[PDB]
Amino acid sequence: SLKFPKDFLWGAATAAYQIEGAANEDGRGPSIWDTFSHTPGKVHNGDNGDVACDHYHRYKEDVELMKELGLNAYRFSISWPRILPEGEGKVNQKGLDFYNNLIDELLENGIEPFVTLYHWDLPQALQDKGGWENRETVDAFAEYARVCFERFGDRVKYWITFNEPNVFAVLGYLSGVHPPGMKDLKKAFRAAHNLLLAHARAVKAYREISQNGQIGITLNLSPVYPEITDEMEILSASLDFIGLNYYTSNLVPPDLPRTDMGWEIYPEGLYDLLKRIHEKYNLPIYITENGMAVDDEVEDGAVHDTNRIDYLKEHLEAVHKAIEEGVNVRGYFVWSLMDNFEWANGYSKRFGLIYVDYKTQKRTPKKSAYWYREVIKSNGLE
């Protein structure tokens, strides 16, 4: 048996546009992914996030499923255009009411929020003026980050500025398979630069009103794909933790099994990566994403996804071997809590511990959900 540290965080992760739905309800403005998934040829089978998991309306049931899972932490993202329909200025009280109710529901059931500010849903009004190529987007994000800290920070104490900014810059500005769908390295550089500045000014605004919580960033360090004043501002933004998203390693040759994404399953790469960061850097590490897509089928009311079981099992061995050698892994989040809209793959890729039937919105916990509940309860593995 393999035990984890006592207060180790056990959670699952989602993202706003991937589960929320209610895209054009209750004062939410459109994001670039609303535009992207309404454009033919961009997303598998014309899927969009108009409805998604309808989590906006069904959050109470979803929080209750988290409690039965036994989570002590839940990673979600705030939809920027649900707070500021134009990215800045007018605030949506209804959007604030939703995340206040969500946060309070999580704490009522012993679940600690782990909130991501930007999870790729840039407000479309900002993209009309250039998006991340225009510095006024940086201003808007800082105002946006401020609003979230002031109204949610008394309850939220784990914050993330950006989810895989390195990946969005590549897929959105280099390969063009993600919005804003361009292929120009000079644009990618400018977008990346202002992403760093927006990160730094949000990190500083958090420290400037001083919450007992922490804030960091998340990166995937081996992903698989389908003037002067700014520099000083950027490097003065020291972190409290680093979030690691691991799925596979783009370097794998060894004949390995493959997921439903085509991704080779290679948990030892997680172990080494954890080691490499421990030697280079000393900050706390949270595995903010780790999961597997499976061709899941609801059977006789059940989904027997033992594939996903052994993937997470073998990856939770790798993290355990790392902590045994001093690496300060302080938490673990499965991607994902529920099947959802997986960007350009649409709904054809299921990562959830919980199956979602999109015709009925019925939630069916996968077998991995019942096994994960034991892992949290035992705080370890066999």
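Don't overthink the numbering: it's just position in the shown sequence, from 1.
The entry shows an unbroken chain from residue 301 to residue 302, with no unmodelled residues of the deposited sequence in between. A chain break between residue 252 and residue 253 is present, corresponding to 10 or more residues of the deposited sequence without coordinates.
In this entry, the higher average B-factor at the C-alpha atoms falls on 279-287, of the pair 279-287 and 67-75. When the two stretches 265-273 and 128-136 are set side by side, the higher mean Cα temperature factor goes to 265-273. Taking the deposited Cα B-factors for 31, 345, 39, 328, the highest one is held by 328.
Highest C-alpha temperature factor among 141, 189, 162, 98 per the entry: 189. Per the deposited record, the Cα B-factor of residue 210 falls in the highest third when ranked against the other modelled residues of its chain. Sort the modelled residues of the chain by CA B factor and residue 259 lands in the highest third. Among the modelled residues of the chain, residue 155 sits in the highest third by CA temperature factor in this PDB entry.
Annotation for residue 118: CA B-factor lies in the lowest third of the chain's modelled residues. Residue 193: CA B factor lies in the middle third for its chain, per the PDB record.
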